[PDB]
Amino acid sequence: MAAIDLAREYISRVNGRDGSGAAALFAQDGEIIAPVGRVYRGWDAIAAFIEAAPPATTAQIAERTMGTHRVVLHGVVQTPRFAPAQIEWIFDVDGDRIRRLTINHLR
Amino acid sequence: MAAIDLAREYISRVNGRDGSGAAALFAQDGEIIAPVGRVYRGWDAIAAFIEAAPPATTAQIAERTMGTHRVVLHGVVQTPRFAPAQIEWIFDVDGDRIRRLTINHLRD
Amino acid sequence: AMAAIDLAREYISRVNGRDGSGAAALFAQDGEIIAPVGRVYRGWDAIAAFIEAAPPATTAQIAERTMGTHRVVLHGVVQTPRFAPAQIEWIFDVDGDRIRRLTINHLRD
Amino acid sequence: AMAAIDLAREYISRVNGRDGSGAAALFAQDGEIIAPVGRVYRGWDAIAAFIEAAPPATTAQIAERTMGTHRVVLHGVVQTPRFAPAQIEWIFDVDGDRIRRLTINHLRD
Ligand SMILES: [Cl-]
Ligand SMILES: [Cl-]
Ligand SMILES: [Cl-]
Ligand SMILES: [Cl-]
């Protein structure tokens, strides 16, 4: 699974509200930064983030950066409480797993 | 405006993404202390801190302490994508204005 | 015309000098700092305010982890008069000889 | 048996003595040090870790600004090798003969 394939499968997992399935894409010492300043390190914390964050339905996913080791996706997240939000997912990949995902809310 | 009213109006104005209006609740040398050890002193600096916030709603407010000069609110900040955050706002109030607001993130 | 590594090193030098304006001048007009917790300071005045809000601190033991034409990662130690040393990562995205975005991640102690 | 002001004075004395275990033993088991705001040391192990990692720098002219049965505010000047003298504020929340929370603020000129 290439970096772009991991990024796409992560988005698929989150759309299914499948925290454990998303966590299995990360290295054991992988982490989600969401947002900057709030870090979820390791499989348990990553699955807990997905489970605690609102139920996500993504749309209009665009691949902004794509390489063997880094992928940037931009997309729109629809949620029960807010206007559609432009979200940026920055994936750092090594060894066929995600080492770090940083999630920015674009203004 | 009593301290509890200033605290409630601050939450209302941040929910409106109104940096200028939130800042006018503070004394001219009032300050916000926020992560990590950042001190925003004065109306311009407080408005900048407020305007840097993610789009969010701040609700489920519990009034933990209330007095003439100190108010503590607990609440939940929700955002489109991130997990709900438990927040504590500690308002030090003197003479109809906020002198210091300390913002503590609480355990999830 | 400063290269990305030059902008990154100068940013650190300006922050050690408490110099919010000089640090802001390293950014594009619509450049930004993303800092805890999800705070985005966009534009020169906001960046200046963020920098001025820092406590007296010195930023040293810089290791240049990544350097290229358009992206720089620095790791460093921030020391203060009373608080514990903090391990910090600065990620600079650079375009057209200015910083488009600086992301500031706290690392494990 | 120790009053709130006694807890605060003993905390400063144990930190000045570089005794992180002894300072932690003044706190509730789920007590915390916030130092600075946004950086939280929860529980005795983390509190000992803060004390051991923070500068040994010493509080000299400690002033007792606020005291009561459940809250104490101390102000003092800490002098460190590489900074100007720094005005520091220690805010102790006390319940049941133990420190529930200590917040450490670096006061700005
Ligand atoms: Cl996500
Ligand atoms: Cl706020
Ligand atoms: Cl910085
Ligand atoms: Cl201390």
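Would you be able to tell me the number of residues in segment D:86-103 that are in a strand (DSSP E or B) and either farther than 12 Å from D:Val72 by Cα or not aliphatic (A, V, I, L, M) (or both)?
Matching residues across segment D:86-103 total 12.
What about B:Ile61, is it in contact with a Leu (Cβ under 7 Å, 6 or more places away or on another chain) and away from chain D (no Cβ under 12 Å)?
Taking the combined requirement at face value, the residue satisfies it.
Anything in segment A:66-88 that is among the hydroxyl-bearing types (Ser, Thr, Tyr) and under 23 Å from A:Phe26 (Cα atoms)? List them, or say none.
Passing the criteria: only A:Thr68.
Okay, residues lined up against (1) within 11 Å of chain D (Cβ to nearest Cβ); (2) of a type in the set (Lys, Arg); (3) under 13 Å from the mean Cα position of the chain (by Cα):
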position: B:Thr57; (1), (2), (3): no, no, yes
position: B:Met66; (1), (2), (3): no, no, no
position: B:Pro80; (1), (2), (3): no, no, no
position: B:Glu88; (1), (2), (3): yes, no, yes
position: B:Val93; (1), (2), (3): no, no, yes
position: B:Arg99; (1), (2), (3): no, yes, yes
position: B:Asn104; (1), (2), (3): yes, no, yes
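Answer yes or no: is there a residue in segment B:34-45 that is within 16 Å of ligand 4 (Cβ to nearest atom) and closer than 27 Å to A:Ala53 by Cα.
Yes - at least one qualifying residue is present in segment B:34-45.
Could we say that B:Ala27 is more than 14 Å from chain D (Cβ to nearest Cβ), without any contact (Cβ under 8 Å) to a residue 24 or more places away in the chain and in a strand (DSSP E or B) here?
It is false that B:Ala27 is more than 14 Å from chain D (Cβ to nearest Cβ), without any contact (Cβ under 8 Å) to a residue 24 or more places away in the chain and in a strand (DSSP E or B).
Looking at (1) more than 17 Å from C:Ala86 (Cα to Cα); (2) among the hydroxyl-bearing types (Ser, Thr, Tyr); (3) buried (at least 19 other Cβ atoms within 10 Å of the Cβ), find the lone condition where D:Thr58 falls short.
Exception for D:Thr58: condition (3).
Just the residues that are crowded, with 19+ Cβ neighbours inside 10 Å, out of contact with any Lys or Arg (no Cβ under 9 Å at 6 or more places or on another chain), more than 14 Å from chain D (Cβ to nearest Cβ) and not polar (S, T, N, Q), please, taken from segment C:77-109.
Those that are crowded, with 19+ Cβ neighbours inside 10 Å, out of contact with any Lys or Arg (no Cβ under 9 Å at 6 or more places or on another chain), more than 14 Å from chain D (Cβ to nearest Cβ) and not polar (S, T, N, Q): C:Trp90, C:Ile99, C:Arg101, C:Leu102.
Mind listing just one residue for me: the one in segment D:1-43 that is of a type in the set (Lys, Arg) and within 15 Å of D:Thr59 (Cβ to Cβ) and, of those, surrounded by the fewest Cβ atoms within 10 Å (Cβ to Cβ)?
D:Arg18
Examine segment B:6-22 for a residue that is within 14 Å of chain D (Cβ to nearest Cβ) and away from ligand 1 (no atom under 16 Å from the Cβ), and state whether such a residue exists.
No, because not a single residue in segment B:6-22 is within 14 Å of chain D (Cβ to nearest Cβ) and away from ligand 1 (no atom under 16 Å from the Cβ).
Among the residues of segment D:6-65, which ones are under 15 Å from D:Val94 (Cα atoms), within 14 Å of chain B (Cβ to nearest Cβ) and of a type in the set (A, V, I, L, M, F, W, C)?
D:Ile33, D:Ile34
Being in a strand (DSSP E or B), polar (S, T, N, Q) and without any contact (Cβ under 8 Å) to a residue 40 or more places away in the chain is the filter here; which residues of segment B:58-108 pass it?
The answer is B:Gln60, B:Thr65, B:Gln78, B:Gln86, B:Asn104.
Would you say A:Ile32 is within 12 Å of ligand 1 (Cβ to nearest atom), under 23 Å from C:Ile88 (Cα atoms), of a type in the set (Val, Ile, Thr) and within 13 Å of another protein chain (Cβ to nearest Cβ)?
The answer is yes for A:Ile32.
Got a number for residues in segment B:57-80 being within 19 Å of B:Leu106 (Cα to Cα) and either touching a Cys at 6+ places or on another chain (Cβ under 7 Å) or within 16 Å of ligand 1 (Cβ to nearest atom) (or both)?
2
Among the residues of segment A:58-70, is there at least one that is aliphatic (A, V, I, L, M) and surrounded by 19 or more Cβ atoms within 10 Å (Cβ to Cβ)?
Scanning segment A:58-70, I find no residue that is aliphatic (A, V, I, L, M) and surrounded by 19 or more Cβ atoms within 10 Å (Cβ to Cβ), so the answer is no.
Looking at (1) more than 14 Å from the chain's Cα centre (by Cα); (2) of a type outside the set (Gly, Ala, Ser); (3) buried (at least 20 other Cβ atoms within 10 Å of the Cβ), can you tell me which one A:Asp44 breaks?
(3)
All Cβ positions, even for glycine, are placed from backbone atoms using ideal geometry, and neighbour counts span all protein chains on display. Laboratory data are not the source of any read-out in this text; all were calculated from the coordinates shown.
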